[PDB]
């Protein structure tokens, strides 16, 4: 591994298991060699260069007196070393040396030697003097990259939790997670990997090809094999197994991906995992760019982001916002709801734009379209904040969302407050969809408004508590919320504990009935059987559910016409058509 001939259009150096060359040659693609290993890792354009494989690996500069010679591995010819006295190209940022050698287009990327020793710079970029003859600047990366990663050790110590935080570069899935799993298998650990969504879990399987990875489905309450494998499952799958199985594996290493997920199941999962760590029975790793103890809406990125603040349409527009459609790249747009999404998406197609819409229940079947199809826009709810990757150049983020809130004033009900501003963490994740890939145009994060920090009225913290104290363990131990997220609720521990058949109904209401946690709890803690659906009709006048401006009526399981009017009103069962369709299927006694 010394030097090569990029095909010739350019030349590279093969040091450090990384490949050093320039952006203007071969753009930003792959070089085909045996056993592969070729893909963009870092790029710069002021200093024309695309070091890939690793960050960088070229040390020392040429000073100001040392003579520097250039290799001449040119197309059709042999390598011809040529000694020169380096000149000086004075710029605004600083004067860098510039050698004057006569070479033909295609030899760009040849190494220059530090008088005696290794490479001191990269030849193949300069300007022509109309009066003079030839010139090329001594362009060199300064300073170096990271370059690669190796795993720390108390990461695997029992009774230690490790929050591994960094921006959407960054390799937490493609290079870091497999490095951890591989090190885990060497130490023969019962390892659990948790993903937020099934599609993200799919991205882990491909990233973990060659490793004993077994994806675990929620249709199974537990699965044990004498063979030593690694369990891969969704956060919610982990929680439901904790609620439905006694045979709970005592994993000694648990790795949660996207540990910022505020879904009631994810929070509860963090609550349980944290507790197992306190028992000195497991090691935990929480991977997320925005841990609960952070509020930076504009985190770092591995490519320059143009943060633009301007007015953004909340609904259908007709004139004014020419910048939205005049943009000729791919755009990801975050909307607070599916209703808002449709209103936005419909106006976009009128302008002749290919639009794909995304939501929680349509994520698995629409997200693959964002890869196969050529598209102009992607309208999404806050679901894309968790591991959703796009090949876009711009994000339009109104920073608005819907927030489930449990109203205590009077009869308890769950409303979907909003559109209210998102959390500082959420804004960072929406932004982090871009600035991942080095492009000639820096990515644009177009946003509006400021994020709000306080989300202690969010129903999910209470819902996560309801899930937690219904998880039984080798006691006397009560599972509580994960440290930072503990102050989000004033609920006393164990106050949501149910017993036997009530606890059983509670789980089935969620799993078989597809009901929200709060709604499932109210019914189950009321003593109502699962198959009994009479509470769906014995509600107050104001608890009448509407569907496209008309009062919903349901044909019961016996063949009777009743108005959909639940005793407890959770706004999330009739928020969108797909949610309402499912709940009507439940109230009918069809599932």
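Numbering follows the first chain given and starts at 1.
Query raised in the report: Between residue 7 and residue 8, how many deposited residues lack coordinates (none, 1 to 3, 4 to 9, 10 or more)?
Result: The entry leaves 4 to 9 residues without coordinates here.
Query raised in the report: Got a sec? Mean C-alpha B-factor, which is higher, 145-153 or 222-230?
Result: Higher of the two, by average CA B-factor, is 145-153.
**Report entry** Of 19-27 and 573-581, the stretch whose C-alpha atoms average the higher B-factor in the entry
**Finding:** Mean B over CA atoms: larger for 19-27.
Query raised in the report: Among 546, 554, 49, 526, which carries the highest Cα B-factor?
Result: That would be 49.
Query raised in the report: Of 397, 203, 257, 95, which one's C-alpha B factor is largest in the deposited record?
Result: Max CA B-factor in the entry, restricted to 397, 203, 257, 95: 95.
Query raised in the report: So where's residue 278 on the chain's Cα temperature factor ranking, which third?
Result: Answer is lowest: the recorded C-alpha B-factor places it there.
Requested in this report: Taking the values exactly as deposited, rank residue 168 by C-alpha B-factor within its chain and report the matching third: lowest, middle or highest.
Outcome: It belongs to the middle third of the chain when residues are ordered by C-alpha B-factor.
**Report entry** Ranked C-alpha temperature factor of residue 562 among modelled chain residues, by third
**Finding:** Tercile = middle for this residue's CA B-factor.
Query raised in the report: Going by what the PDB entry lists, where does residue 355 fall on CA B-factor within its chain: lowest, middle or highest third?
Result: Its C-alpha B-factor, which the entry lists for residue 355, ranks in the middle third among residues of this chain.
Report task. Quick one: classify residue 489 as lowest, middle or highest third of the chain based on its Cα B-factor. Result -> Its C-alpha B-factor, which the entry lists for residue 489, ranks in the middle third among residues of this chain.
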